[PDB]
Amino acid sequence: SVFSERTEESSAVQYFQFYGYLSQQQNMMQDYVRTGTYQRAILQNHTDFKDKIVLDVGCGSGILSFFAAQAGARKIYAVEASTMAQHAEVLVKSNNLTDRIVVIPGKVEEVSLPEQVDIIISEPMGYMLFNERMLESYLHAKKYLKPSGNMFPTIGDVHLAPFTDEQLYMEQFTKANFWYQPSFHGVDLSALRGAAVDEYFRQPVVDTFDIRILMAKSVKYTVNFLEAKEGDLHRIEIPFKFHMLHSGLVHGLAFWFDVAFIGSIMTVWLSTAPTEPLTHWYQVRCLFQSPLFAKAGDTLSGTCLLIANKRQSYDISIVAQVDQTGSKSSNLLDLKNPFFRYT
């Protein structure tokens, strides 16, 4: 199948074991911004669901399908690949909705639906939007979408912005300098100090921050789920040209994302921006190996290249340069293993 070919078996096992936990579902469900906004987006666009055929990609507990049922849906196919599918089925029965919601255990790339659907709903967003590579499942599912069919969410915007955070940058060296001692119990650890620094900088940092560390207006990269193909997400090139609003040292790039539910009645936005109330996605920061000095008015140009890997994530390549000075910095990061810094 399409899923197995793009996914290492070891990664897939871990991945679906993770979502097999009721606590993990619960964690997502208790993210009120997320869950509430989904329910709002569905109910406020009830004309998009009333007596419609619905597909829920990766239903988990089945909560979105229930929201679709609340909106008056006729039939909802709730596809789930982890063992959570059995718990979703129990909920369908206990909520007396067996006539409207059909839980289909398995990967959306492998299961079969009896009919085409009017609208696809899903929550496939990971860290930096693209983590977990579930957007491709979401896009793959369009084989079951009627022409003129709709997608909830419909589009996704990932935002990038340069930031200054001296403490975050110095923190890495403070942690790596553990190895920079000549006699740890009689052992000289110094030779590994470089490797330690390297390791720390490969980890994207997950947490939140004050918006005042941002030094330029964000650059936006948009995915239209109605138009995109899964293969479009294998190689994501995000060019940027930041016009610096403040003078100072750029320590790296901050990432966040919005999704839009473009319905017939209204468009509802779900945002994980640092200007908005915190979600379980927080924000993500990728550090530069060497900070870049910029004057207000200077331009910071370059590219953020996301390359999909078989561990259900992306290898991040970031190249940036201050055009006025030619001062350049790059970093390679491993999105699969972020550092959860939030406290």
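A residue's number is simply how far along the shown sequence it sits, counting from 1. Rigid core: the largest C-alpha set superposing within 1.5 Å between the two forms.
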property	result
Higher C-alpha RMS shift from the shown form in 9 other deposited structures of this protein - 228-236 or 182-190, rigid core fit	182-190
Divergent stretch in 9 other deposited structures of this protein, 32-40 or 57-65 [C-alpha RMS, superposed by the core]	57-65
168-176 versus 98-106 - greater average Cα B-factor per the deposited record	98-106
Of 205-213 and 251-259, the stretch whose C-alpha atoms average the higher B-factor in the entry	205-213
Candidate set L64, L55, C304, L292 [ranked by C-alpha B-factor, highest]	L292
Where the record places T35 (Cα B-factor, split into thirds across the chain)	middle
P124 - which third its CA temperature factor falls in, relative to the rest of the chain	lowest
Position of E115 among the chain's modelled residues by C-alpha B-factor, lowest, middle or highest third	highest
Among modelled residues of the same chain, the CA temperature factor third for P239	middle
Third assignment of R285 from its chain's C-alpha B-factors	lowest
